[PDB]
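Following this are structure 1 and structure 2, which are two forms of one protein chain, each written alone as structure tokens.
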Structure 1
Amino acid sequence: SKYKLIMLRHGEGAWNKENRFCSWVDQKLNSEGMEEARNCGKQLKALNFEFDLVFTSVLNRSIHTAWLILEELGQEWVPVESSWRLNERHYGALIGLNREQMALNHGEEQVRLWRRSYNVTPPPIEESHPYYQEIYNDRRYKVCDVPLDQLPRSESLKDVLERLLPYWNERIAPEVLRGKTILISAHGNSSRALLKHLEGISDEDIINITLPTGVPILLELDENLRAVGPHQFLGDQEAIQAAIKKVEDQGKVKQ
């Protein structure tokens, strides 16, 4: 048989309007991001989706996005599970910094490696970093399945997959094989990591994949939980392609 699930990246936040890496900083959605979530819900309602389970990260923007979608669907009673393993990639010391500023300071090539490469690891975030405390003093990281001191201080996309894959195999994949309709409300790079795995994208090719925000991602899997075909985006394709470019352009020097 074949199985379909929905994956999506939450919408806008104050920091991305400023083009700053947010990552593990628990920023809330802004008005726009909230609306993008509701629009995703309306599209899903149009397709008459009836979810059985929802998985999110422990970053509140991921959870609020799910809640907004469920409300649009009148499905607020559907079980939700949140895990740090779906958290956006940890950008380490790059957290809070302006992407275009990084391109000017280190060049576009380096920035593209930091943002999209598979193996490159961002410099780790140190205790002196402006957002260090706000992150590691939060109780949500004191009750994860890994000790607080063992949580990453930065992650390469490969690092993300290593901590996300076990969660997918052990808690999400089984539900898919049981025919459950699943919604994964994740982030830009945690989503790319999952896609890289399910579609068997190469270490090299994954660098060219950029996901637009607030856009339902359609993915169909076979009996072996491997992608039957490339992931697709639900909505106006031209607008989605333009949004993908805007994300890419955030790491480019003006011209």
Structure 2
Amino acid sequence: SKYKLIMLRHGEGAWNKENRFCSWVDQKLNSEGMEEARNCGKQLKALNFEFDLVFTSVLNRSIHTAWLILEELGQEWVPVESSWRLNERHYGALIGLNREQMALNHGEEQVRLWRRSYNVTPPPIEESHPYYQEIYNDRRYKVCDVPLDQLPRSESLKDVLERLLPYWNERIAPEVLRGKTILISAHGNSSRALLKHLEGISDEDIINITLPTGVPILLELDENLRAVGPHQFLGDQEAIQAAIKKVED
């Protein structure tokens, strides 16, 4: 492979356990999630990875994961760049609720698509939503490449890929093609959407892809930046199968 890039997702937290979607709520990593980031950094140091640039989202759990890895690598000097286009999927009005609360207010049949389909967008988050203010009042969203009102109020995995692509093509890809070793600290859907694009996965298969957290996901790309072969999880097989088992269902 002419190029190699590493990617991973932070460890999910308390909400994920209760089957709730943190989404764009800027929750901090818990003890377990901070341990994953460290162990991941140790794993990369053990593989002598030397990064030249780092890309993260605007959500602090993404960033803190990157910081802990850089500290473990002793590469805190590596430029770090953040963007909302790398943010987790915006679940709209479904933010906060568990599976049962969703079926109750929207319809079981209706809820199925929203979590298991590739292009069905959940209903938009509204002024009346408990977390509406906390997201849009945040001044980090007042300095994006698009005005606050032009940002997502809900998203499908397809939507995510569509606002992520611009960032890959305009900011990240040029750096890979320039010989740089990149690290991408992302989220569940963020990383999922980028893998679909680089690996050419169908709309039907993208849904079933396994994405363990706290695990380095190595991608070997050719001259067109298209993945050569399957992405590989780096680290000991035990730690991997436990992580995989954790993102099941």
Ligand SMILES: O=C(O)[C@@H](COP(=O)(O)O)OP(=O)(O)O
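What we label the rigid core is the largest C-alpha set whose atoms superpose within 1.5 Å from one form to the other. Residue indices: 1-based, along structure 1.
Would you check which of the pair is the form solved in complex with (2R)-2,3-diphosphoglyceric acid (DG2)? Number 1 is right.
Which of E71, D159, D138, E108 is displaced between structures 1 and 2 by 2 angstroms or more at its C-alpha, rigid core aligned: Between the two forms, the residue that moves is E108.
After superposing the rigid core, is the C-alpha displacement of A243 2 Å or more between structures 1 and 2? The answer is yes, as the C-alpha of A243 shifts between structures 1 and 2 by 2 Å or more after core alignment.
With both forms fit on the core, has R85 moved 2 Å or more by CA between structures 1 and 2? No, because once the rigid core is superposed, the C-alpha of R85 moves less than 2 Å between structures 1 and 2.
What is the Cα shift of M7 between structures 1 and 2 once the core is superposed, in angstrom? It moves 0.4 Å at the C-alpha.
Quote the shift of the Cα of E18 between structures 1 and 2 to one decimal place in Å, the two forms being superposed on the rigid core. Shift of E18 at C-alpha, rigid core superposed: 2.7 Å.
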